[PDB]
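Chemist: Here's my sequence, what's the structure:
(3 chains, ligands or ions: 13)
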Amino acid sequence: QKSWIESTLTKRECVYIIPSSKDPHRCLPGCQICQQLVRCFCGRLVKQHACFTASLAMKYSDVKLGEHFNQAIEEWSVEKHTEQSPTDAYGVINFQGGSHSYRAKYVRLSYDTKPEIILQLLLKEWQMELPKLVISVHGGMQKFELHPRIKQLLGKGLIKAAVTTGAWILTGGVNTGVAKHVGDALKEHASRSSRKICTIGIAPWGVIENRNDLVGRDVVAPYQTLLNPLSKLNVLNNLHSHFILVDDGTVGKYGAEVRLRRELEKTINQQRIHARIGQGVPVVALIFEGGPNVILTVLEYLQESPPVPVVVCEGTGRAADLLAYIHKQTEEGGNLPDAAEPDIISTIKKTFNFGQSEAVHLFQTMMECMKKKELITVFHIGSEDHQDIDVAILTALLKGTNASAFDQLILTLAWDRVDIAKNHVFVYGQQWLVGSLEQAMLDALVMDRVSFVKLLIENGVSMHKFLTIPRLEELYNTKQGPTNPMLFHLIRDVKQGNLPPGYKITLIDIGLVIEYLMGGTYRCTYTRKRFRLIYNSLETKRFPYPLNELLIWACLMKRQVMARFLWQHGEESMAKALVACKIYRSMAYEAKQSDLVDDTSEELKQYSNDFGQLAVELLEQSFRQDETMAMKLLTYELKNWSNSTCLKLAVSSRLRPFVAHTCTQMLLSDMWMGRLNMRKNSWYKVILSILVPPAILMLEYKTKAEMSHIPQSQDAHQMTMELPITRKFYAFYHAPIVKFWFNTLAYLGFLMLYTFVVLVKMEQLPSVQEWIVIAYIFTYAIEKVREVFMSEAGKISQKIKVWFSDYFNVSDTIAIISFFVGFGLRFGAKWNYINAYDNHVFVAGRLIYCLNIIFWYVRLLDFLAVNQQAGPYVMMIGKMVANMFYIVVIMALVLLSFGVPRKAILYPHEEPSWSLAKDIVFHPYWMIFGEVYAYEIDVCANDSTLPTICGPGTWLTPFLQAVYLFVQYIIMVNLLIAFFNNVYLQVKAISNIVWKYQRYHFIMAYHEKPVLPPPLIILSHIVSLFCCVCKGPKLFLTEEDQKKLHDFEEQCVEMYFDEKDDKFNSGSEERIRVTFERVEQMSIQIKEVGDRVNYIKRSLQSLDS
Amino acid sequence: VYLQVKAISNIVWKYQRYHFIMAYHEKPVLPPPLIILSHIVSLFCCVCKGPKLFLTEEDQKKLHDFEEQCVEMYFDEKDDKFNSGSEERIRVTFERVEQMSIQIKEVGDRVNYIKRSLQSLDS
Amino acid sequence: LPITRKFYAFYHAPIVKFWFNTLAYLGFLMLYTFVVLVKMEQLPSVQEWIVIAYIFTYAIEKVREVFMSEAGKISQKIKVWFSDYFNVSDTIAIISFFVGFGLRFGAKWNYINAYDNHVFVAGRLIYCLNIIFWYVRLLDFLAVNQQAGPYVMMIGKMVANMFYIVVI
Ligand SMILES: CCCCCCCC/C=C/CCCCCCCC(=O)O[C@@H](COC(=O)CCCCCCCCCCCCCCC)COP(=O)([O-])OCC[N+](C)(C)C
Ligand SMILES: CCCCCCCC/C=C/CCCCCCCC(=O)O[C@@H](COC(=O)CCCCCCCCCCCCCCC)COP(=O)([O-])OCC[N+](C)(C)C
Ligand SMILES: CCCCCCCC/C=C/CCCCCCCC(=O)O[C@@H](COC(=O)CCCCCCCCCCCCCCC)COP(=O)([O-])OCC[N+](C)(C)C
Ligand SMILES: CCCCCCCC/C=C/CCCCCCCC(=O)O[C@@H](COC(=O)CCCCCCCCCCCCCCC)COP(=O)([O-])OCC[N+](C)(C)C
Ligand SMILES: CCCCCCCC/C=C/CCCCCCCC(=O)O[C@@H](COC(=O)CCCCCCCCCCCCCCC)COP(=O)([O-])OCC[N+](C)(C)C
Ligand SMILES: CCCCCCCC/C=C\CCCCCCCC(=O)O[C@@H](COC(=O)CCCCCCCCCCCCCCC)COP(=O)([O-])OCC[N+](C)(C)C
Ligand SMILES: CCCCCCCC/C=C\CCCCCCCC(=O)O[C@@H](COC(=O)CCCCCCCCCCCCCCC)COP(=O)([O-])OCC[N+](C)(C)C
Ligand SMILES: CCCCCCCC/C=C\CCCCCCCC(=O)O[C@@H](COC(=O)CCCCCCCCCCCCCCC)COP(=O)([O-])OCC[N+](C)(C)C
Ligand SMILES: CCCCCCCC/C=C\CCCCCCCC(=O)O[C@@H](COC(=O)CCCCCCCCCCCCCCC)COP(=O)([O-])OCC[N+](C)(C)C
Ligand SMILES: CCCCCCCC/C=C\CCCCCCCC(=O)O[C@@H](COC(=O)CCCCCCCCCCCCCCC)COP(=O)([O-])OCC[N+](C)(C)C
Ligand SMILES: N#Cc1ccc(COC[C@H]2O[C@@H](n3c(NCc4ccc(Cl)c(Cl)c4)nc4c(N)ncnc43)[C@H](O)[C@@H]2O)cc1
Ligand SMILES: N#Cc1ccc(COC[C@H]2O[C@@H](n3c(NCc4ccc(Cl)c(Cl)c4)nc4c(N)ncnc43)[C@H](O)[C@@H]2O)cc1
Ligand SMILES: C[C@@H]1CC[C@@]2(OC1)O[C@H]1C[C@H]3[C@@H]4CC=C5C[C@@H](OCCC(CO)CO)CC[C@]5(C)[C@H]4CC[C@]3(C)[C@H]1[C@@H]2C
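Modeler: Numbers count the residues shown, from 1 in each chain, chains lettered A, B, ... in the order given. Ligands and ions are numbered 1, 2, ... in the order given. Sure, structure below:
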């Protein structure tokens, strides 16, 4: 059948017939009038059945021969005289009119359906999600009216209570009862609002208009709101999203809905509210009017097991006005005050007139309701009852139903409502147990509800006690919440490619992920001996810093709102923000590169850049407070983050705004000096003190106190304890500023020689000038092999892959290799002794030198770039060569568009020759640079320098060249002037940032360099290899300075969050709106007090007469 | 004039990129020395005997649902932006200080008619 | 995905048709540049026949583009095809080439010295100018890139706007 509905759900049709009561309507021909009018006691008359079996009985006179023994007339039994079949009416209502064409779903099932099959319909078949609340609205059965005051408020909270909790509203569906005003509340307060409420309406099929219109299989129904005055039935309301229409077999009568509805309430309250929680989906009953069937229903619920509470609304109709009335005059449980029988029966006799016996009967039904006063809520809309029915509907389930504070909290957790938990579960004087709070935390973390994690920490949860191994090991192994498919992939990589099927994640495996994601020499606390030991054992399992471990969890699970929350709790705030930037950045890179599912890398990089911006904004806060302590914050060993450093973590993530912040640049400037005080010295004296060593003793240095924020070597720090003479020489030659100039003077004296060598004749054997040059380039290359081995990271292929990621290290490799190719050819050649340059091998070697020299001038940009101003312009050149590339590809096309016709028109009689490759490209390029070749244009002219080139067609070339230069200069050169001038500012801004970033790697490279330059560096090597075989900088803090520094960081995260709010709360946009939202409330309170004075005037006339 | 010519020119390039790419679904496989094969094969298969987005029935359904949901979000977010702006909150603030100011002097007039009752019920 | 479906999937991709046409077009200009720079005897060299084959078969491709354009109204198929710069220049570049091949090929060769025939000269010089259309057409292929394309499109918009400074 290709439909679960057709196979399972069943209709009902009165196959048998039973005529109406007795009476022929009028009109003597008794036989005719019988078949014409007479209803079946089914509910439909004889000609509506059609009931093919009964049809061959319709002809006789009907089914069932005549008088039929009046016992057997009433023997109508829906179980006996009515038949099932694969249903006809299930599809989609397409409400025509209204607006937007609101679209609902329906079905025509039998009341013989089992209760579970309806839950199988809503969820599996109609594709609905199981809710966290059900609101069963009973009330008016006949169309009524509400004060537009009382209308809109119930439409504020019945919505808001159903949006947040993903609730189902079970109505009657028919547009005559509560469903009208429930349905209207959907209208005014934007039921869509990007979050539709799954409003269901259960009605019986026998009483609804347009039954035929809803017939068909998966058919879109042209159903309309045509309230014909001649109609007798009800119209399906528009704004209800779903409908269940019981097929009682009869037509016309009500009744065959109340079973299914109550059984659906059971069938939902017998479902787990959420896989993590062990309650059932609660149910609440809401009331807007009522007759006897309603207040009887109210009694049922209070009697039920489990008891379903009730919310009555004073000011809405017959019952609800009464149920608040009788309830207000009542006491603790079960009473009327001594003289109230006369008054209350009169209200019954007036409010719903049955009269003095059915009043007293239903009055006794009202007694047993008021007995269970504890479950019923009487939210009265008059002034301020139960704080805005939202609270009342939701808090009503948190009343005398014996549910302990745990069960009270966990339900507000599933709903994701803290305002309830704050104001109604953490009420003054609550009876909390030992593990209830901790257990609710484990549920909030896994379900990713930060606002309860906040609430529980505030209300007494210590995350040191709640962070054991199995818990935090469980937290990674959860599908009960927002999970990361990226994590299980990262685990497969570190595990050599294997993944056993069950595989509960462990913490030693998370450690291998973080070590992989942070890279280099990072070593997590999960892979150490202390942890691996106690791990196999499981006070001693409590993680002294848990919020360092849940910040990683939140980030490996891609739970940002949890991450930013768990970040601002604890200490080491910048460090946690800079690790987090590196985790996501690596996850983004792996997620991008790894081809597993849809990318998710745009999400992770933004998460990285969010934490990377926090760290910068903190560093600015620290820096504006105390510049000296802020520089210490950059360089202290962390001891919880693998003995790393906040700079080292920012550099690790290529986080340029932190490295280009004016604190790092202020520190890097102070490491550049060393012990020297270059505030009260000058570069004249540093250079002179290099060439005149004894002048090292007459320039000023820094004390141990100015050097307290500056990281140092072990030896450098020991020599601050003592300033003697031999300490002032160590302090000088080991400064990065001194190593620099001491290398520039050697490098400038290098080029002066190597320029001299290349311009002067070169005999068979190298001159003294040339041996000094080979010594430099040789010893300089040993220096570079030393740089690679002592780089940072023990993984060799990374030492190499990072060293060739630098322009001037790649060119040195080319410049050094090329030079010894040149020296080999120069030196190892059979000299001729008649004329050099009869040896093509000596030529090659010399010409390699004459080109190798170019690498060594361009390298002066590495030394010029140490300056503030020069450096950025150096860095621009690369960024600008990259961006002009395509204007220059067009300029090269225009070149060959011209050079090939020019050469072909002027030189026809050419054989194939490699000169053709030159001549199509040579002169047209030199035209770009001012050379017009004025006397080679018009080769047939008298002033021509190419009169032999005159021939047929050569008059075309001046036209071609006129076009050529127009295109080059007047378009393509000025487009390029236009390019640069309109891209200068942002390339100059990036280039200041990139220069300030490379200034880290530059300066920190010079702590590592030896003292002596690259002719004399070999001494420093031989001394180092002699002291390596026979036998970086840290910020040393004493114990009282690590103390005062952590106090400094905490104080600056306070000022940060404070000033961030004070800026926001003091802004224009935020004061306009709080002004706006109070003129809301006041304007209501003036008309309220404007209404009261109207009720003060009435008293004046009252007390007057 | 560089910036606005460069901005138009990104737009015009992105427009011509339609005609360019959609021209290549139509092109044969072989380039214009060997394209003649693809022609002879096409004239041989034309005498002897563009791209559509095929959706099944359940994807035309889920797609029309997607469009309707996005016109909702469009009109909603267009109003929420407007109703939440400064100019619109200043004026609804303005138009209520109109009404309240009238209702204070109104209630400021009533209390003048409450004082008269005090002297009245006094004597 | 079977084997013969992976070949269909490849050669019928627009990215593949492109590069498969650029390599043929780049190898076209390399020949047609060689033909124009080297002496041209009475009969075309192998390099030049391959060039005529391209420009011929390439023109049949363009007649196919016009007929299979979109809209059955013929004068619209034509009016829309000549609304494109590089289709107009191909019409000039293709027509000019066969004027040139006709004069080059159908001339009474002299056998004492070429260029005593003013008709052979004209045909050759048409090739030496027709070559310009076929370089500029590399901007139609360079313009496939993000960055290059817009700068290509600027040149026209900027030649139009500088017109009156250049009249002065
Ligand atoms: C961190 C990375 C960056 C640093 C990179 C460092 C590595 C740089 C790598 C450098 C090596 C590059 C190649 C060297 C030259 C060989 C090739 C050549 O042209 O040979 C010639 C010389 O043949 C000889 O026999 C004479 C060689 C003399 C020694 C000079 C090279 C050794 C120094 C290397 C010091 C390097 C180590 C530096 C310190 C580590 C052969 O030709 P010929 O015999 O002259 O003439 C033959 C024909 N004829 C006889 C007819 C005329
Ligand atoms: C017909 C002639 C045509 C061409 C002619 C010349 C032009 C040829 C130009 C070639 C450069 C190609 C590199 C492109 C730029 C890439 C980006 C970059 O910053 O690169 C590098 C810097 O930039 C340079 O290294 C630029 C070097 C050329 C600038 C001019 C040199 C002046 C000295 C010579 C004077 C000699 C004069 C006399 C000589 C005899 C470094 O960056 P990176 O580490 O690679 O990082 C990539 C950036 N990213 C991370 C943001 C992605
Ligand atoms: C769409 C945009 C429009 C463009 C604008 C219009 C384009 C300009 C149009 C210019 C008109 C053309 C001028 C040539 C006229 C014929 C020459 C001739 O018959 O004899 C000459 C041949 O000389 C040549 O054949 C050289 C051809 C002229 C080159 C002009 C280049 C453009 C430079 C300017 C471009 C900027 C223009 C500025 C505009 C104000 C010489 O005479 P002869 O008797 O053969 O020989 C005598 C012997 N003798 C040589 C030994 C002495
Ligand atoms: C979608 C739109 C874009 C595409 C457009 C496509 C259409 C392009 C249109 C192209 C046609 C252009 C004109 C062709 C040449 C004729 C003019 C000429 O110079 O004749 C000469 C050659 O006269 C001959 O008799 C030899 C001709 C040889 C055949 C070459 C042309 C035919 C190929 C065409 C293939 C085109 C079709 C391509 C495929 C469809 C006459 O001079 P001569 O005899 O050499 O010398 C006389 C004097 N003398 C003897 C004293 C020296
Ligand atoms: C003395 C010399 C004077 C002049 C000299 C040269 C300059 C002569 C320039 C003439 C161009 C005239 C066109 C004006 C622009 C119109 C707008 C436009 O976009 O047009 C077209 C693109 O743009 C082009 O086609 C521009 C072509 C010239 C640019 C340079 C060519 C470089 C290659 C040659 C190198 C060869 C070098 C060697 C050769 C031997 C296309 O647009 P459209 O489809 O028409 O749509 C109209 C736009 N609208 C819809 C917005 C209205
Ligand atoms: C690697 C780094 C080393 C460190 C650098 C310091 C140590 C290096 C210092 C010196 C080493 C050189 C020894 C000098 C030998 C004297 C003979 C001589 O050269 O006579 C020449 C005169 O010219 C000179 O005397 C000057 C030669 C050097 C010029 C460059 C020096 C500047 C750099 C250093 C100082 C400034 C430092 C600037 C920066 C602050 C005559 O020419 P010839 O070639 O002898 O004659 C044969 C000619 N023939 C071949 C054509 C037949
Ligand atoms: C990776 C580095 C290694 C590079 C490869 C190894 C390079 C070493 C290669 C060769 C070493 C052996 C040299 C002799 C070659 C045989 C020919 C011969 O002997 O004599 C001939 C030389 O003919 C030449 O071509 C000489 C120049 C060739 C050197 C090319 C170096 C470029 C390498 C790239 C640059 C490095 C850049 C590297 C940057 C990364 C003739 O000279 P003759 O003997 O005097 O006889 C006179 C002839 N006569 C009778 C006609 C008058
Ligand atoms: C269109 C704009 C207005 C112009 C309209 C008017 C012009 C119309 C167009 C072209 C005019 C062509 C004739 C002029 C030459 C006469 C003199 C002559 O003989 O010159 C030379 C030959 O010249 C030729 O043989 C010409 C080649 C054919 C023209 C090719 C198209 C060029 C223009 C592109 C197409 C046009 C569209 C371009 C769009 C801008 C000299 O050769 P010779 O005689 O052998 O000399 C003896 C040599 N000896 C002593 C060394 C042995
Ligand atoms: C239309 C598209 C086709 C597709 C392209 C591929 C197929 C086309 C491939 C080949 C077809 C050509 C056959 C070669 C014949 C050999 C003889 C020869 O030419 O000898 C010459 C040497 O020069 C050469 O051998 C090279 C000649 C071609 C240069 C351009 C090839 C690059 C393009 C294609 C390849 C790279 C592709 C790049 C793109 C990725 C000697 O000169 P000559 O003229 O023989 O001697 C007479 C001289 N005379 C007249 C002065 C008296
Ligand atoms: C739409 C396309 C069709 C174009 C029109 C049809 C073109 C075909 C036209 C003509 C075909 C017939 C050629 C012969 C002409 C008569 C003269 C003659 O025979 O000999 C003379 C040639 O004199 C010349 O002028 C030769 C060059 C003319 C060709 C012009 C082509 C430009 C067309 C525009 C370019 C196309 C651009 C199209 C782009 C849209 C002399 O040469 P000879 O015979 O060797 O005698 C030696 C003389 N002597 C004794 C002095 C030494
Ligand atoms: N204090 C200080 C200080 C001293 C020197 C420097 C120079 O920095 C050198 C490094 O600067 C790097 N670099 C450079 N180098 C600039 C440059 C290098 C070579 C040449 Cl020929 C030129 Cl025309 C310009 N440009 C970069 C870029 N656009 N993006 C990222 N990195 C770039 C490059 O790896 C090179 O090794 C920077 C700061
Ligand atoms: N992917 C991709 C892609 C590939 C190629 C292209 C190139 O587009 C070609 C078309 O671009 C058209 N075109 C162009 N072409 C640019 C151009 C054409 C020729 C030359 Cl010589 C130059 Cl100096 C520049 N400019 C236009 C403009 N200013 N306004 C409207 N249309 C313009 C023109 O009709 C031409 O046919 C565009 C996108
Ligand atoms: C898309 C672009 C179009 C333009 C262009 O790039 C690509 O197309 C390329 C094709 C090249 C030619 C191919 C083959 C040869 C043969 C050789 O024959 C040696 C003979 C003898 C020496 O005497 C041996 O001993 C001489 C050189 C020549 C003609 C090339 C010249 C440059 C050309 C024209 C290039 C040009 C820059």
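Chemist: Tell me where the stretch 151-300 of chain A has helices.
Modeler: Assigned helices in the stretch 151-300 of chain A, in chain order: A:178-188, A:258-269, A:292-303 (criterion: DSSP state H, counting those that start in this stretch).
Chemist: Same list (those) but as JSON lines, adding distance to ligand 12 and mean neighbour count.
Modeler: (C-beta placed from N, C-alpha, C; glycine too.) Shown next, in JSON lines, are these (distance: least, CB to the nearest ligand atom, whole Å; neighbours: other CB atoms under 10 Å in any protein chain shown):
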{"stretch": "helix A:178-188", "distance to ligand 12": "49", "mean neighbour count": "23"}
{"stretch": "helix A:258-269", "distance to ligand 12": "56", "mean neighbour count": "18"}
{"stretch": "helix A:292-303", "distance to ligand 12": "69", "mean neighbour count": "19"}
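Chemist: Any figure for the gap between residue A:952 and residue A:742?
Modeler: From residue A:952 over to residue A:742 the distance is 70 Å, taken as CB to CB, to the nearest Å.
Chemist: Kindly report the same for residue A:636.
Modeler: The span separating residue A:636 from residue A:742 equals 31 Å under the rule CB to CB.
Chemist: for residue A:509, same thing?
Modeler: Computed as CB to CB, the residue A:509 to residue A:742 distance reads 50 Å.
Chemist: These two: who's more crowded?
Modeler: Legend: neighbour count by other CB atoms under 10 Å in any protein chain shown for residue A:509 and residue A:742, higher for residue A:742 (21 against 17).
Chemist: Hmm, residue A:416 and residue A:394 touching each other?
Modeler: No - taking CB atoms under 8 Å as the definition, residue A:394 is not a contact partner of residue A:416, at 11.4 Å.
Chemist: Between these two, tell me which one has more neighbours.
Modeler: Using other CB under 10 Å, the more surrounded residue of residue A:394 and residue A:416 is residue A:394, with 26 against 16.
Chemist: residues contacting that one?
Modeler: The contact partners of residue A:394, by CB atoms under 8 Å, 6 or more residues apart in numbering or on different chains, come to A:133, A:161, A:165, A:412, A:415, A:417, A:420.
Chemist: tally of neighbours for residue A:664?
Modeler: Per other CB under 10 Å, the neighbour tally for residue A:664 reads 25.
Chemist: Contacts for stretch A:1014-1032, please.
Modeler: Outside stretch A:1014-1032, the residues within contact range by CB under 8 Å, 6+ apart are A:713, A:743, A:746, A:772, A:775-776, A:779-780, A:782-783, A:786, A:1004, A:1007-1008, A:1010-1012.
Chemist: Check stretch A:878-892 too.
Modeler: With CB under 8 Å, 6+ apart as the test, stretch A:878-892 has contacts from A:807, A:928, A:968, A:972, A:975-976, A:979-980, A:983, A:987, A:990-991, A:994, C:139, C:142, C:145, C:147-148, C:151-152, C:155.
Chemist: where does the residue of chain A found nearest ligand 6 fall, helix, sheet strand or coil?
Modeler: When CB to the nearest ligand atom is the measure, chain A has its nearest residue to ligand 6 at residue A:749, with 2.9 Å between them. Assigned state for residue A:749: helix (three-state reduction, DSSP: H, G, I helix; E, B strand; the rest coil).
Chemist: For chain A, which segments count as strands?
Modeler: Using DSSP state E, the strands assigned to chain A run over residues A:89-94, A:103-110, A:134-138, A:168-171, A:198-204, A:216-221, A:242-247, A:272-274, A:277-280, A:283-287, A:310-312, A:376-377.
Chemist: Ligand 2: which of these is closest?
Modeler: With CB to the nearest ligand atom, the closest approach to ligand 2 among the strands of chain A belongs to strand A:272-274: 48.0 Å.
Chemist: Touching the closest one from outside, list them.
Modeler: A:132, A:278-282, A:411, A:414, A:447, A:480.
Chemist: got it, and stretch A:223-238?
Modeler: Applying CB under 8 Å, 6+ apart, the set of residues contacting stretch A:223-238 is A:93-98, A:102, A:104, A:171, A:173-176, A:179-180, A:183, A:201, A:203, A:207-210, A:213-214, A:243.
Chemist: Likewise for stretch A:369-384?
Modeler: Under the criterion CB under 8 Å, 6+ apart, residues A:149-150, A:153-154, A:295, A:298-299, A:302-303, A:307, A:309-315, A:323-324, A:326-328, A:330, A:332-335, A:385-386, A:389, A:392-393, A:395-396, A:399-401 lie in contact with stretch A:369-384.
Chemist: quick one, longest helix in chain A?
Modeler: In chain A, assigned by DSSP state H, the helix with the most residues is helix A:1068-1104.
Chemist: which residue does chain A bring closest to ligand 3?
Modeler: residue A:955 (3.3 Å).
Chemist: Redo the helices of the stretch 151-300 of chain A as JSON lines? Include distance to chain C.
Modeler: Formatted as JSON lines, the helices of the stretch 151-300 of chain A follow (distance: least, CB to the nearest CB, whole Å):
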{"stretch": "helix A:178-188", "distance to chain C": "47"}
{"stretch": "helix A:258-269", "distance to chain C": "47"}
{"stretch": "helix A:292-303", "distance to chain C": "61"}
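Chemist: are any of the contacts of strand A:272-274 buried, and which?
Modeler: A:132, A:279, A:281-282, A:411, A:414, A:447 (16 or more other CB atoms under 10 Å in any protein chain shown).
Chemist: Which of the residues you listed sits closest to ligand 11?
Modeler: Ranking the buried ones among the contacts of strand A:272-274 by separation from ligand 11, with CB to the nearest ligand atom as the measure, puts residue A:447 on top at 44.2 Å.
Chemist: In chain A, what residue lies closest to ligand 2?
Modeler: In chain A, no residue comes nearer to ligand 2 than residue A:878, which is 2.3 Å away by CB to the nearest ligand atom.
Chemist: what about the closest residue to residue A:851 other than its chain neighbours, how many residues close to it?
Modeler: In space, and not counting its chain neighbours, residue A:851 is closest to residue A:818: 7.5 Å by CB to CB, 6 or more residues apart in numbering or on different chains. Per other CB under 10 Å, the neighbour tally for residue A:818 reads 17.
Chemist: hmm, back to that, with distance to ligand 3 as new columns, can the buried ones among the contacts of strand A:272-274 be given to me in JSON lines?
Modeler: Supplementary listing: the buried ones among the contacts of strand A:272-274 in JSON lines, determined by distance: CB to the nearest ligand atom, whole Å:
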{"residue": "A:132", "distance to ligand 3": "77"}
{"residue": "A:279", "distance to ligand 3": "86"}
{"residue": "A:281", "distance to ligand 3": "82"}
{"residue": "A:282", "distance to ligand 3": "85"}
{"residue": "A:411", "distance to ligand 3": "83"}
{"residue": "A:414", "distance to ligand 3": "78"}
{"residue": "A:447", "distance to ligand 3": "74"}
